[PDB]
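Read-outs throughout are calculated quantities, based only on the coordinates presented, and are distinct from any laboratory measurement. Here the Cβ is made from the backbone with ideal geometry for all residues, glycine too, and neighbour counts use every protein chain on show.
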Amino acid sequence: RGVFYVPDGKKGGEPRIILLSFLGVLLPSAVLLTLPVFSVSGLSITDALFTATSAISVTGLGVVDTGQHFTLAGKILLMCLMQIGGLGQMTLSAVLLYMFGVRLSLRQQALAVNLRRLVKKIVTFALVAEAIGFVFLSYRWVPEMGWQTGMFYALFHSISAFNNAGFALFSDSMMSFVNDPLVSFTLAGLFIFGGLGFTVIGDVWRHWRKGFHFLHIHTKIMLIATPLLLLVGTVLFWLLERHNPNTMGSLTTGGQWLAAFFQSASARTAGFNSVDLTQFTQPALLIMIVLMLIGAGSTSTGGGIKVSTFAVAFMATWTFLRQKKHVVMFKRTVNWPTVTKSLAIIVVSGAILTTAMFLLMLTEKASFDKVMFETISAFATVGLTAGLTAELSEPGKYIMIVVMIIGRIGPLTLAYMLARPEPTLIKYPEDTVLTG
Amino acid sequence: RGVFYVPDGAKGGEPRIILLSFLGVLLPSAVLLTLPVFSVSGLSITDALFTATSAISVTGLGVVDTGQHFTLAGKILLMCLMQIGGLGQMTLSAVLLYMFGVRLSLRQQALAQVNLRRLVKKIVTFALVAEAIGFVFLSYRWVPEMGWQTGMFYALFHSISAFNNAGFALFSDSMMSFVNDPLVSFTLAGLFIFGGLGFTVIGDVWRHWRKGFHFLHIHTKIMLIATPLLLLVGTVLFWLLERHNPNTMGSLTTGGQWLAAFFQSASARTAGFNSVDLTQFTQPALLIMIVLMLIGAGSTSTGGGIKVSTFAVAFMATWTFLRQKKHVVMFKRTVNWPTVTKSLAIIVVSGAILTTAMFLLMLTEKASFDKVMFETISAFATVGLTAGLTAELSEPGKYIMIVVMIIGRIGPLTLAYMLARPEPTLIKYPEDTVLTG
Amino acid sequence: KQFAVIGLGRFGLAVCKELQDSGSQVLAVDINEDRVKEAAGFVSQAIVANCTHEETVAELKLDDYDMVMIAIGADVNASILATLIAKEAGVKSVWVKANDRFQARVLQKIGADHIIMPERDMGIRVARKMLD
Amino acid sequence: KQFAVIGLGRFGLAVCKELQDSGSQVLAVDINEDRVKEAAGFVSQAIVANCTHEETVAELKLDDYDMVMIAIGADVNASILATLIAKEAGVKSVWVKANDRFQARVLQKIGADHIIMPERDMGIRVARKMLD
Amino acid sequence: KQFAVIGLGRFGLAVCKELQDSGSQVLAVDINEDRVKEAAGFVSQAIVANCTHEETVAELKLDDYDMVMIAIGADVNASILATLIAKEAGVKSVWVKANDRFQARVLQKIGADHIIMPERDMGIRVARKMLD
Amino acid sequence: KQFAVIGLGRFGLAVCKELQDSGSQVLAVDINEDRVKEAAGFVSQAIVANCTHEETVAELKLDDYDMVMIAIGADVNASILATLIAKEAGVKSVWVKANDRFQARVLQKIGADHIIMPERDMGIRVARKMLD
Ligand SMILES: CCCCCCCCCCCCO[C@@H]1O[C@H](CO)[C@@H](O[C@H]2O[C@H](CO)[C@@H](O)[C@H](O)[C@H]2O)[C@H](O)[C@H]1O
Ligand SMILES: CCCCCCCCCCCCO[C@@H]1O[C@H](CO)[C@@H](O[C@H]2O[C@H](CO)[C@@H](O)[C@H](O)[C@H]2O)[C@H](O)[C@H]1O
Ligand SMILES: CCCCCCCCCCCCO[C@@H]1O[C@H](CO)[C@@H](O[C@H]2O[C@H](CO)[C@@H](O)[C@H](O)[C@H]2O)[C@H](O)[C@H]1O
Ligand SMILES: CCCCCCCCCCCCO[C@@H]1O[C@H](CO)[C@@H](O[C@H]2O[C@H](CO)[C@@H](O)[C@H](O)[C@H]2O)[C@H](O)[C@H]1O
Ligand SMILES: CCCCCCCCCCCCO[C@@H]1O[C@H](CO)[C@@H](O[C@H]2O[C@H](CO)[C@@H](O)[C@H](O)[C@H]2O)[C@H](O)[C@H]1O
Ligand SMILES: CCCCCCCCCCCCO[C@@H]1O[C@H](CO)[C@@H](O[C@H]2O[C@H](CO)[C@@H](O)[C@H](O)[C@H]2O)[C@H](O)[C@H]1O
Ligand SMILES: CCCCCCCCCCCCO[C@@H]1O[C@H](CO)[C@@H](O[C@H]2O[C@H](CO)[C@@H](O)[C@H](O)[C@H]2O)[C@H](O)[C@H]1O
Ligand SMILES: CCCCCCCCCCCCO[C@@H]1O[C@H](CO)[C@@H](O[C@H]2O[C@H](CO)[C@@H](O)[C@H](O)[C@H]2O)[C@H](O)[C@H]1O
Ligand SMILES: CCCCCCCCCCCCO[C@@H]1O[C@H](CO)[C@@H](O[C@H]2O[C@H](CO)[C@@H](O)[C@H](O)[C@H]2O)[C@H](O)[C@H]1O
Ligand SMILES: CCCCCCCCCCCCO[C@@H]1O[C@H](CO)[C@@H](O[C@H]2O[C@H](CO)[C@@H](O)[C@H](O)[C@H]2O)[C@H](O)[C@H]1O
Ligand SMILES: CCCCCCCCCCCCO[C@@H]1O[C@H](CO)[C@@H](O[C@H]2O[C@H](CO)[C@@H](O)[C@H](O)[C@H]2O)[C@H](O)[C@H]1O
Ligand SMILES: CCCCCCCCCCCCO[C@@H]1O[C@H](CO)[C@@H](O[C@H]2O[C@H](CO)[C@@H](O)[C@H](O)[C@H]2O)[C@H](O)[C@H]1O
Ligand SMILES: CCCCCCCCCCCCO[C@@H]1O[C@H](CO)[C@@H](O[C@H]2O[C@H](CO)[C@@H](O)[C@H](O)[C@H]2O)[C@H](O)[C@H]1O
Ligand SMILES: CCCCCCCCCCCCO[C@@H]1O[C@H](CO)[C@@H](O[C@H]2O[C@H](CO)[C@@H](O)[C@H](O)[C@H]2O)[C@H](O)[C@H]1O
Ligand SMILES: CCCCCCCCCCCCO[C@@H]1O[C@H](CO)[C@@H](O[C@H]2O[C@H](CO)[C@@H](O)[C@H](O)[C@H]2O)[C@H](O)[C@H]1O
Ligand SMILES: Nc1ncnc2c1ncn2[C@@H]1O[C@H](COP(=O)(O)OP(=O)(O)O)[C@@H](O)[C@H]1O
Ligand SMILES: Nc1ncnc2c1ncn2[C@@H]1O[C@H](COP(=O)(O)OP(=O)(O)O)[C@@H](O)[C@H]1O
Ligand SMILES: Nc1ncnc2c1ncn2[C@@H]1O[C@H](COP(=O)(O)OP(=O)(O)O)[C@@H](O)[C@H]1O
Ligand SMILES: Nc1ncnc2c1ncn2[C@@H]1O[C@H](COP(=O)(O)OP(=O)(O)O)[C@@H](O)[C@H]1O
Ligand SMILES: [K+]
Ligand SMILES: [K+]
Ligand SMILES: [Mg+2]
Ligand SMILES: [Mg+2]
Ligand SMILES: [Mg+2]
Ligand SMILES: [Mg+2]
């Protein structure tokens, strides 16, 4: 329909809409969590702030047990909070991408669908996916849990899985269903689809008849890297943890593969664990850290540096090692600003991660692998715990809250700053600096 | 004088000269170390390959003790190797930098400085004078203690090692007996600071100091400012984190703590000597030193990791990006986007190789992540500081360290020249957007 | 009371400045974002849009506006097509600025209610000013 | 069947869109990256290349394609150069768009198999269309 | 003393090299980044900017500098605009290079304080030098 | 036996190819790197250098060479200046290619031993081939 927009007046304001929107749901969500209606014992200001940040950023990290410490009304709020986190982040990303495309198209016309329809498709896709997951989970839990409690658990866990949240109502988050394929595959399909990105889902929905060859480059990158990432993670986790008695040694051959696939998928932002990461071999925690950093798709409910960013950096590296002039992906040149965006995102993420690990090591006393794993899980919004979150101190909790906030919104925000820098009237002469 | 070159006859060949030069000296150095003339007991193939790679890359990692396992002839060979590895990289990197400027200068004239021999003479002259100044200061103390003939040898070995940013020591505990000795510590500290500063910085200051700091080249200004802050921040951070640790710095005097903190702050940037024990360092101090090792020394110096200027460009590119400024500016100069991409690519590629190397080390040998990560960075950053992993390194682990030491030594320089001259192409595919963030 | 100005060049920006200073609602529309930002401070609402696009003109309720000024000068086809689309949209009065006599003839035949030729009209005006 | 279309103006993009709509794989080549991007949406493979360059054409492997259509309109020199290079690259059937009767005769001498004059041939076609 | 030199051609770079050799701090401004680079080697501060833009000149803070030298030679329009903007900025002394007598008269009317005609003034100098 | 060719254009590269076929040492030098690479496979030694640079000509010991050919056509000033520098370099035999009659006049007076005008010289021979 109508392609138009109102200019801001006076740099892009996408960074400002991204932060204000998060803090405008975090502070209200925090002030609500302190009320005793939602907690059996009540949450302190630090604990309530941590829980609000973990829910709104859908990190899933818990200073208190979700199933026990919250009341019936508190869990309903938690579904609302993580639903807002995941779905609203996906919707806001799609909306900002739509406005970016509109401004770009009008600029192109100057030199030489509907938003409401888009938002409707985002919500309806989420509701359909969550309803499918809810039906599949109810088919397994309702017989053993009742017609009321089993339905509630199915809805809660379907919402958590789609939103890539990882909140669980059990004391051990899905460790009792390591050998259950139905629930494991139900949850796995929920955050793979929830974390795929609505751009990919829409491109496949509208242009699957044309074939894979005519899908957008981002869609092809996701549809190839996501199966590759899942398969690599599954094979690596199975190889590195098949002989470990404490996590996967006791399971059957099918159980071991199911657990390995579940961790390979849950690492990419969901945060559920069918095994204990506290008892994982270090070669496997490094693999899972790498998987957590990559994260889910760009315009999805998940987090991480995003699969597309890792793909452009991996392909740029191959281009540089082969001394090729252009970064080519699926017979398309990746423009140098995109490569610079991906590399800058990785470098800035590494800098903030190093600062956060150093601060945690100052405030809390723990080994480096545990602190690094927790920092990566909080920054990437996976929320997998390695036994360090349970002993977080007050400054540690504040650092974790800040890291979860910056992790959730940092990549998209930094991407949009690189897109629209402030124009300048003064340029200094270019001079060369030696590198390497 | 004459500005000309013979074209190879269109991708750059600087990457191939860099690798062939290292391997052209690695293999001859490896075979010599196996002969019993240089070792009291003789080195196996892997040990000699490790020792030669450590000497040629001037990493300084030792599977065997340098002072005891090697003979008098073996130590003389070791000085030759680390002089070839350190001064040789500065000589070769400056030589390749000169030819890059020659090709760039003639390209500008087609569209619209001293000779190589004088440059090489100044580089070797600057090295020998720098070592000679460090030689007499080290001789001033060890000759009374250890005699004339032995005193000059230890002064020469350590002055050469310090300048070349090698870290090889003839003592069982490398400079842990001289933590409270300012003359030994400061003489060594000055040697790898200037040895690691870079000849372009030394040359620019030497020829244009009268003009002032304002008219120095932008690279010189970065190295003249970032190095003191890297030294100062490292000195303060190490002192703050280890002032109360009895095992490393709690037993020293107030001056001794600052002397130790400054020494490790300086030695981390590629030298590899240690007044204290990193095996008994607080984890927050290992993380600080890992960052310091990764940054490394200057661009055209005897040692380095990713290099200070690479970190500085990425540091201020990040600051530019977070403020949404269109250009990266340093000292009223715009850093062009290809330079920014080079700095970011080096860090990302280095992390890719580092992560692969740490993962392999945990499989071949069993150790904690902090021990493996610290050793992998030191081998890659060429610092050679050990946290106990090298002592118990397994046979496959030695192969990984040799590869990491080779790639870490030449990787940042080689990757920079790959980015400088990519192969020209006749087929371009349409530009398409990929969503990131 | 309520006016629309399409095209925010030197002429259209002057129209917007005078109209808003007089105290009326002015929707300033220009495909170029810089001129829309320049006129944003003055007009009640400034929108970046392509008025050659029929669906965009449908979305912008130009039929509700009392008068619509089309001030596109460089591309004659853009002005003619914008006039046609505005007339199809139900705009009762369309004022079009024309730089050439052939463009003025075409716009008159299309159905523009007022054709403005700034150089000729100011020629007459300043001649009358010189006479008295 | 595989077709190569060189030049992506009004004629070249119309041939590609018609050829690809029928299930044939088309290679679209142009020096203007904007038109290569525009064609890349629906064309099996699109490449930014200079087809007067004889080494570039060897990389495109135009000898493999059954028919090569050269639709360079404004640059006549590029049109004859591309036809010559395509013929020297061993292309069985070369179709060339010519804007003049003099260019068509030169292309006949070069070795073009089918030569299309868009203005003259479409004129004949519309003249037949009005009659019947 | 602070000097600002706008335009870094033969005259502008000669004035800057002399001013900086004499121990004065000069600002070199030019739109051609290529020429700004040679100046940056020996000039206290060199900036790539367009000096016909009012906001850009306000950013340069030319009113701080004692004298502003405008050495735009080929583009007489740019020279006139730069002199006008510098005077409107509030710079006390403006020296402008003019390659024509008519340009010199226009610059006198604008408000330039010292106008240098390099060809004619150099001719007078050379004649005096040959005489003595 | 031993020759030098400065400037590797169409004319200069033709000299290098024929000189090599007769088994003679040829030093091909050109400012542009691409043209030197083309002659790299046709000469004993191909060097990228600026022969307008006096010190560069000193390093390339052109006085040892029996004949030096300057084949710079587009920039008249470079060919005149390179011819002079070769004369102070001690080159006994200097052959210069000139594209214009005015350039051929200057080259004669500055001391070029042989001035080659390819259009005029080829004009005379082609007439002779036509006659017989
Ligand atoms: C989930 C995986 C996360 C890792 C992948 C990438 C992470 C990248 C982190 C980039 C750095 C954090 O990004 C940080 O965002 C804040 C806003 O929250 C920015 O601050 C910004 O706030 C407002 C509102 O957003 C912006 O309009 C404005 O441009 C700026 O003030 C900081 O300038 C930036 O440093
Ligand atoms: C669009 C939304 C659709 C939602 C779809 C949900 C599908 C869920 C399918 C569940 C299948 C039927 O699940 C059924 O659950 C009931 C109620 O607990 C179980 O319960 C059954 O045994 C228990 C004994 O403990 C009795 O008390 C109960 O009255 C009886 O129904 C049954 O064993 C099981 O057959
Ligand atoms: C909306 C996104 C999420 C949707 C995800 C995809 C649909 C949900 C997962 C479907 C696949 C899992 O489906 C599961 O398959 C396994 C086969 O291993 C079988 O699972 C079976 O396990 C054992 C036998 O092995 C039985 O005791 C159990 O009762 C039964 O469920 C069933 O067929 C189904 O439980
Ligand atoms: C969430 C996980 C999803 C898993 C599935 C996603 C991955 C799907 C992989 C399918 C791969 C198909 O592989 C790709 O097929 C296309 C057809 O579209 C082939 O394309 C081929 O036919 C098309 C016509 O359609 C031609 O235009 C093209 O020139 C030719 O190469 C590609 O050469 C091949 O690379
Ligand atoms: C270019 C990049 C190449 C990437 C290469 C990837 C190679 C993948 C090989 C995976 C190897 C799996 O090898 C597996 O290692 C683990 C962990 O060390 C060993 O595990 C062993 O040590 C661990 C301690 O870490 C104990 O907890 C465990 O009980 C014991 O079995 C397994 O016995 C071995 O089977
Ligand atoms: C390309 C991306 C990566 C693709 C990843 C593919 C992962 C495939 C995982 C296969 C999982 C193993 O498959 C699953 O094995 C389990 C465990 O035995 C079987 O489980 C069944 O038998 C076991 C006995 O071992 C019982 O304890 C269990 O209650 C019952 O459900 C399931 O019926 C089967 O579905
Ligand atoms: C735990 C670690 C896991 C590491 C996993 C690494 C995965 C990295 C992302 C891979 C995603 C898919 O990546 C994509 O693969 C397709 C496969 O045809 C490539 O496809 C392309 O290959 C080359 C690229 O010059 C060309 O033949 C052509 O352009 C196209 O076929 C893309 O260039 C690449 O970007
Ligand atoms: C490890 C724990 C977390 C620590 C890491 C935090 C990462 C996120 C960094 C947020 C950075 C915000 O800082 C970002 O840059 C500067 C500094 O305020 C602001 O910049 C603004 O104010 C400064 C003040 O001097 C002006 O000079 C500048 O011109 C203006 O743009 C940006 O508007 C803000 O967005
Ligand atoms: C061109 C480079 C020149 C390098 C110059 C370096 C000069 C360094 C001089 C250091 C000071 C002189 O150091 C001097 O060492 C000698 C030799 O051990 C000592 O003299 C020694 O002689 C013998 C050695 O067994 C013993 O009697 C006794 O141990 C001691 O007297 C002196 O007590 C000390 O004064
Ligand atoms: C070539 C590059 C390397 C050159 C480095 C710079 C020159 C070498 C270091 C010079 C500075 C160290 O110089 C050192 O200063 C300290 C002061 O703390 C003093 O050191 C002193 O320490 C104690 C007293 O405190 C005495 O027992 C000792 O004998 C004496 O050396 C001396 O003056 C000198 O030993
Ligand atoms: C290895 C460690 C070495 C440590 C020493 C290296 C760091 C030295 C820091 C010196 C800093 C001088 O600081 C810098 O001085 C210069 C003079 O050159 C000042 O420059 C000033 O004077 C110069 C004239 O010389 C003017 O051209 C310039 O416009 C003006 O700003 C800078 O404004 C100031 O930033
Ligand atoms: C934006 C980035 C900001 C960067 C902020 C940098 C802040 C620097 C503060 C340094 C703090 C030093 O604080 C110091 O920490 C160490 C290590 O934990 C404490 O050390 C304590 O725990 C360690 C274990 O790690 C014991 O070995 C030691 O014996 C004991 O004292 C010191 O008692 C305290 O003095
Ligand atoms: C800007 C970059 C960073 C700059 C870094 C500056 C670091 C400064 C380090 C100062 C070191 C302390 O200074 C040094 O203290 C030691 C230890 O007491 C003194 O040492 C002296 O006294 C001590 C007693 O404590 C004796 O044991 C010792 O034998 C003797 O040499 C030295 O005479 C003095 O030189
Ligand atoms: C000391 C700190 C180190 C960390 C800082 C930066 C490290 C960056 C590492 C870049 C990757 C390693 O760089 C690796 O170099 C080898 C050569 O040795 C390259 O391989 C190259 O070898 C030859 C000879 O060098 C080159 O002419 C040719 O272009 C290519 O074949 C690899 O393509 C590249 O991957
Ligand atoms: C272990 C971690 C240690 C942290 C150490 C970080 C060291 C970083 C080295 C930075 C090197 C200096 O880097 C250079 O600094 C100068 C100071 O003159 C900055 O100079 C500029 O800063 C900003 C840029 O908007 C403005 O105030 C102004 O234009 C100018 O002062 C440059 O933008 C930067 O390129
Ligand atoms: N299709 C269109 N829709 C809306 N505005 C347009 C369209 N085409 C042109 N314009 C605007 O109309 C304005 C008038 O242009 P013009 O008369 O050339 O003024 P100028 O000469 O100052 O550019 C232009 O600034 C342009 O942005
Ligand atoms: N040497 C060349 N190689 C490939 N494509 C070319 C070459 N020269 C021109 N073209 C392309 O041929 C197309 C047709 O040219 P032209 O007739 O000017 O455009 P149009 O048909 O849209 O008027 C142009 O878009 C141009 O990019
Ligand atoms: N608007 C402008 N602002 C700043 N510098 C300008 C502007 N317009 C032109 N210049 C520069 O002023 C100088 C005028 O010198 P010019 O006569 O063009 O060259 P030269 O003197 O070298 O023959 C040039 O460097 C030109 O690029
Ligand atoms: N100063 C110079 N030193 C060396 N070679 C030069 C110099 N100036 C020009 N040349 C070369 O001389 C050759 C003569 O080419 P010319 O006929 O002038 O131009 P074109 O290559 O456009 O036909 C070119 O290859 C050019 O690069
Ligand atoms: K999560
Ligand atoms: K070292
Ligand atoms: Mg206008
Ligand atoms: Mg056409
Ligand atoms: Mg001039
Ligand atoms: Mg030529």
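Of note:
- Pairs where the first residue, in segment C:2-16, is away from every other protein chain (no Cβ under 14 Å) and the second is part of a loop (DSSP other than H, G, I, E, B) and away from ligand 4 (no atom under 16 Å from the Cβ), C-beta under 6 Å, 6+ apart: C:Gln2/C:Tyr65; C:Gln2/C:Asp66; C:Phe3/C:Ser24; C:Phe11/C:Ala71; C:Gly12/C:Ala71; C:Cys16/C:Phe42; C:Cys16/C:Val43
- Matching residues in segment B:279-295 - criterion: being within 10 Å of another protein chain (Cβ to nearest Cβ) and part of a loop (DSSP other than H, G, I, E, B): B:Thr282
- Of all residues in segment C:108-132, those that are surrounded by 12 or more Cβ atoms within 10 Å (Cβ to Cβ) and under 16 Å from C:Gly12 (Cβ atoms) total 6.
- Test: A:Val102 is under 30 Å from C:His53 (Cβ atoms), in a helix (DSSP H, G or I) and in contact with a strand residue (DSSP E or B) (Cβ under 7 Å, 6 or more places away or on another chain): yes
- The residue of segment A:113-123 that is farthest from ligand 2 (Cβ to nearest atom), among those that are away from chain C (no Cβ under 14 Å) and surrounded by fewer than 19 Cβ atoms within 10 Å (Cβ to Cβ), is A:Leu118.
- Evaluated against (1) surrounded by fewer than 20 Cβ atoms within 10 Å (Cβ to Cβ); (2) in contact with a strand residue (DSSP E or B) (Cβ under 7 Å, 6 or more places away or on another chain), B:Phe331 falls short on exactly one condition, (2).
- All conditions in (1) more than 26 Å from B:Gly397 (Cβ to Cβ); (2) under 18 Å from the mean Cα position of the chain (by Cα); (3) surrounded by fewer than 21 Cβ atoms within 10 Å (Cβ to Cβ) hold for B:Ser93, with the sole exception of (3).
- Of all residues assigned to segment B:66-83, none qualifies as being farther than 24 Å from B:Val37 by Cα, among the aliphatic types (A, V, I, L, M) and out of contact with any strand residue (DSSP E or B) (no Cβ under 6 Å at 6 or more places or on another chain).
- The residues on offer are F:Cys16, F:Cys51, and the sole one that is closer than 23 Å to B:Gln113 by Cα and under 12 Å from the mean Cα position of the chain (by Cα) is F:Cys51.
- Per the conditions (1) more than 7 Å from chain A (Cβ to nearest Cβ); (2) assigned to a helix (DSSP H, G or I); (3) closer than 28 Å to B:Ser161 by Cα, the sole criterion not satisfied by B:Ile306 is (2).
- Cross-chain or 6+ apart pairs with Cβ under 8 Å, segment D:43-65 first and over 15 Å from D:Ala82 (Cα atoms) and facing chain B (nearest Cβ under 9 Å), then buried (at least 18 other Cβ atoms within 10 Å of the Cβ) and hydroxyl-bearing (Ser, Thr, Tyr): D:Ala46/B:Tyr429; D:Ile47/B:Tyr429
- Flag for B:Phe199 being crowded, with 20+ Cβ neighbours inside 10 Å, of a type outside the set (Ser, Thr, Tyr) and within 14 Å of chain A (Cβ to nearest Cβ): yes
- The residues of segment A:35-64 that are among the aromatic types (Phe, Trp, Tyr) and crowded, with 24+ Cβ neighbours inside 10 Å amount to a single one, A:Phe50.
- Sole residue being away from every other protein chain (no Cβ under 14 Å), in a loop (DSSP other than H, G, I, E, B) and either farther than 26 Å from A:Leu277 by Cα or away from ligand 22 (no atom under 16 Å from the Cβ) (or both), chosen from A:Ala188, A:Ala165, A:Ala126, A:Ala154: A:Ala165
- Residues within segment B:253-268 that are part of a loop (DSSP other than H, G, I, E, B) and out of contact with any helix residue (DSSP H, G or I) (no Cβ under 6 Å at 6 or more places or on another chain), tallied: 1
- Residue in segment A:65-73 that is in a helix (DSSP H, G or I) and either crowded, with 17+ Cβ neighbours inside 10 Å or within 14 Å of chain C (Cβ to nearest Cβ) (or both) present: yes
- Scanning segment A:269-278 for residues that are away from every other protein chain (no Cβ under 14 Å), in a helix (DSSP H, G or I) and within 21 Å of the chain's Cα centre (by Cα) gives A:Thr269, A:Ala270.
- Residue within segment B:321-328 that is touching a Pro at 6+ places or on another chain (Cβ under 6 Å), surrounded by 20 or more Cβ atoms within 10 Å (Cβ to Cβ) and of a type outside the set (D, E, K, R) present: no
- Residues located in segment A:322-335, provided they are facing chain B (nearest Cβ under 7 Å) and over 25 Å from the mean Cα position of the chain (by Cα): A:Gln323, A:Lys324, A:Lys325, A:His326, A:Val328, A:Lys331, A:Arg332, A:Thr333, A:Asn335
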